[PDB]
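Here the structure is laid out as structure tokens; the discussion comes afterwards.
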Amino acid sequence: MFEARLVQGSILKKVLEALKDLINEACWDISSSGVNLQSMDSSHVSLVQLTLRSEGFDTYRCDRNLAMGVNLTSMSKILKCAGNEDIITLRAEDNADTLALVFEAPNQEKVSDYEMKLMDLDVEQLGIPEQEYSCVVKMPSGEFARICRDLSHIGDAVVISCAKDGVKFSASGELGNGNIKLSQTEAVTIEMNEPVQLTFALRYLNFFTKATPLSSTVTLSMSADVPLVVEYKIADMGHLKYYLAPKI
Amino acid sequence: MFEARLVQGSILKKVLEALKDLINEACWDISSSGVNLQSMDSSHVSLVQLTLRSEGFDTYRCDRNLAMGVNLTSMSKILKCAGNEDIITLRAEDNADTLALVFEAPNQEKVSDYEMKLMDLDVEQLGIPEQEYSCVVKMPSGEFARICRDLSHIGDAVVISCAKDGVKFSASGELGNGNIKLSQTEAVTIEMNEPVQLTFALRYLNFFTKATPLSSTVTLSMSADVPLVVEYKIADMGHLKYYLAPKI
Amino acid sequence: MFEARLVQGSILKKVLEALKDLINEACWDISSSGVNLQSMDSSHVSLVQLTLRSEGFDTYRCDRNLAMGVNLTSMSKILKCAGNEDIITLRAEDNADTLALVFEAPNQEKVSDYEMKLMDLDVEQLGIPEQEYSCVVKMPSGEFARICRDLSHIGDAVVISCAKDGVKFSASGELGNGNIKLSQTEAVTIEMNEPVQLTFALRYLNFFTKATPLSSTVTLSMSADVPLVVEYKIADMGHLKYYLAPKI
Ligand SMILES: N[C@H](CO)Cc1cc(I)c(Oc2ccc(O)cc2)c(I)c1
Ligand SMILES: N[C@H](CO)Cc1cc(I)c(Oc2ccc(O)cc2)c(I)c1
Ligand SMILES: N[C@H](CO)Cc1cc(I)c(Oc2ccc(O)cc2)c(I)c1
Ligand SMILES: N[C@H](CO)Cc1cc(I)c(Oc2ccc(O)cc2)c(I)c1
Ligand SMILES: N[C@H](CO)Cc1cc(I)c(Oc2ccc(O)cc2)c(I)c1
Ligand SMILES: N[C@H](CO)Cc1cc(I)c(Oc2ccc(O)cc2)c(I)c1
């Protein structure tokens, strides 16, 4: 069997919260080294990649590698029945027929379990390439989320301009324009060689920031001509990365 | 006249909150010994019974027994204009023509009063029978409400299974299934002779738990073949009971 | 140029919150002595008057008087991107072509700016007359807002009756009636010579109380036959006044 006990169960609730708007169904790939999901959003625009490593769980067993096709709407609904304090265990027989979620409240007197039916999915097989980035900005996840919420009241698209000493996000539309200038030092840190300037759909960034509760930092990785990576580290465990192509 | 002063006015606000979704109009029966309501829900599915005893009020007068036909939507709207801290008095001349609600804030400088027109209702005359229960579970009202909210994401119907040492609530539907196991000891206490297992519409239980703020305990009384009683004691005053038939 | 720095930026956010439901576009008249707006609501029912005096700003410059036609929906949206803690500056070149709002967070590491296009408006030219009031009631803005919210559940119209020692607000409708009696002393103070009794659309009062966060006091000025003035002082700076004709 597969069995992953997570004492900080809320990590899972939050991971589902951060994917349900983007993806209806995907493979969770289970292996010795942990849990891996890679999928395109349901409109084929961004690509989402999730890593939850073994070590990050309180107990972790995997006897055979599995590819469980999970309906994320369903998993999300079920994770909403877990309390924020609960210990959450994922468990599946190796035939990968159903997935169990078990929620045990800390006062060990209530225990919930849900079994969700798994699907077989034919999934578009994709490989994320080797990529160098001219530019990596690391900033509080809260700020980034507010910038994206704010500019979306102004237009559809944000232009991100990155220099050695600061980053600027701008948009414009019917009502006029806006920008927000952030300076290098919560901490803001820029590592760049080339300066970049790219443009992105605020709609997708707004979905990405559903991940905000997973981490108090977000990292933006950019380079001329290649997708932006918006990464949230799930402390001591892995990351959730979103990939989005610049507009032209 | 009829006059009931309630210093903890919020009890009334909460009682209306716990009935408005279930019942549009009903008789409040006023007598010496207190206030009594018995009515079927507006779809003829569950039966609601309310007791507010004399002693429970700070002052209580009743000179003639009354049967006031009250529109509960109306009474609810008006009770929403009372502050949570207010002293609330119900008052009616014995002709039962209108009902007054008076709300006096504790800083005795603001006083509100509303008069609502009363109706004459022809009401379906019902008698609740003598019943023994194989099984009575007493548990925190909050938990019960969360169980009902949670399982309703899974299916329509909850199967309640009761043993000497614990109770289990299960449901299933399109997305898979769920159950929650609660153990006997907030305190959970089971008094049973026969074990029972019955099934109920989560829709009605969900309405019943609108009563949750009235008490931190709820009591479930069950027996093969007869309606479940979901009871909330209104401390030092009476109870609100809901009755619901098991499905088959 | 025109430039007004406001360290307590939230005053502006709140002023827009208190006008956006009432008015789509209006002239902000800029002069040496401060900022002035006067406009009818978009249905031609009430008149709104705003004063923000020079002295009230931390820095204030005006080199030429301006009449900026501002879309208030737009200004409102943009002011929603300011944090409550931010320092807000209004700035316009004297040609009055666009208006800039600059939001600098207190940790001087983030700075936002928005430019909104200005319009030329042909506006209905009105003069508010000299008026004496029989009656002026000063009361907590919170209470007034609750009275208006509450009575609107009862009817459309509130009858305000004012005596030397107290004020009463009443309404009635389908469900029955209500009144709230407030006594002269939070503080309630009546200055009257003639007693008045007038009736007003609760719809407009409800819009007016969108101003509640600007001040913890509201002042009602009344007189037979003339509009009511609902005034909110914006401490150390000016006022927002709404004018509304009694019904007959
Ligand atoms: N045809 C595919 C989607 O339906 C296109 C696609 C493939 C890949 I691999 C993508 O992911 C990445 C990730 C990092 C990169 O540098 C480039 C593409 C994306 I966004 C879209
Ligand atoms: N930190 C300094 C004030 O103490 C001045 C300052 C402020 C900001 I915001 C900065 O950041 C940016 C970022 C992007 C821009 O386009 C302009 C300034 C810099 I560099 C210096
Ligand atoms: N025909 C009636 C409803 O329209 C049926 C009815 C009558 C009674 I009295 C009920 O109440 C109880 C209460 C306790 C019991 O043991 C049995 C019925 C119910 I639920 C439905
Ligand atoms: N309390 C013990 C752990 O310290 C073990 C335990 C846990 C639960 I939840 C229990 O309750 C139930 C209730 C219903 C069931 O169907 C199964 C266990 C029992 I009995 C013992
Ligand atoms: N025809 C105008 C509106 O479209 C009517 C109008 C004019 C004025 I000046 C008003 O304002 C006041 C303000 C104070 C007063 O004593 C009288 C009118 C109002 I309310 C409506
Ligand atoms: N303050 C006194 C109780 O300590 C009694 C009291 C209460 C109220 I409310 C009052 O106010 C009103 C206001 C309007 C009315 O129509 C009647 C009473 C007065 I004058 C005295």
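Brief remarks follow.
- Residue and whole-Å distance for the chain C Cβ lying nearest the axis of the C-onto-B rotation are C:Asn84, 16.
- Copy-to-copy label separations for A:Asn206, where each label sits 7 Å from Cα toward Cβ, in nm and ascending: 2.8, 2.8
- Here the 3J(HN,Hα) profile of region B:166-182, calculated from phi with Karplus coefficients 6.51, -1.76 and 1.60 at θ = phi - 60°, is x, 10, 10, 10, 9, 8, 8, x, 3, 6, x, 10, x, 9, 10, 9, 10 Hz, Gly and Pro shown as x.
- Computed FRET value (nearest 0.05) for A:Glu55 with C:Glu3, which takes r as the C-beta separation and R₀ as 51 Å: 0.35
- Take A:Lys247, move 7 Å from Cα toward the beta carbon, and the resulting point lies 4.9, 4.9 nm from the same point in each other copy, nearest first.
- Shielding by partners - mean other protein chain Cβ count within 10 Å, residues of C:177-184: 6
- Within 10 Å of the Cβ of each residue in A:100-111, the mean number of Cβ atoms contributed by other protein chains is 3.
- Chain B: C-alpha gyration tensor shape, a/c 1.5 cut-off, then a/b vs b/c: prolate
- Test item: Cα-centred dipole of chain A, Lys/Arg +1 and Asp/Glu -1 on Cβ, debye: 740
- The residues packed around B:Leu66, meaning those with a beta-carbon under 10 Å from its beta-carbon, carry a net charge of -3 if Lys and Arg are +1 and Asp and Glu are -1.
- Global geometry of the protein assembly as shown, whether rounded, prolate or oblate, following the gyration tensor of its Cα atoms and the 1.5 cut on a/c: oblate
- Residue-averaged 222 nm ellipticity for chain A, from DSSP H runs of 4+ at -39500 (n - 2.57), nearest 500: -4500 deg cm²/dmol
- Shielding score for B:138-146, defined as the mean number of other chain Cβ atoms within 10 Å: 1
- Position B:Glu25, label points 7 Å along Cα→Cβ, spacing to each other copy in nm (shortest first, one decimal): 5.1, 5.1
As a convention, Cβ positions derive from the backbone with ideal geometry for all residues, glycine included, and neighbour counts pool all protein chains shown. Values in this text are rule-based calculations from the coordinates and carry no lab data.
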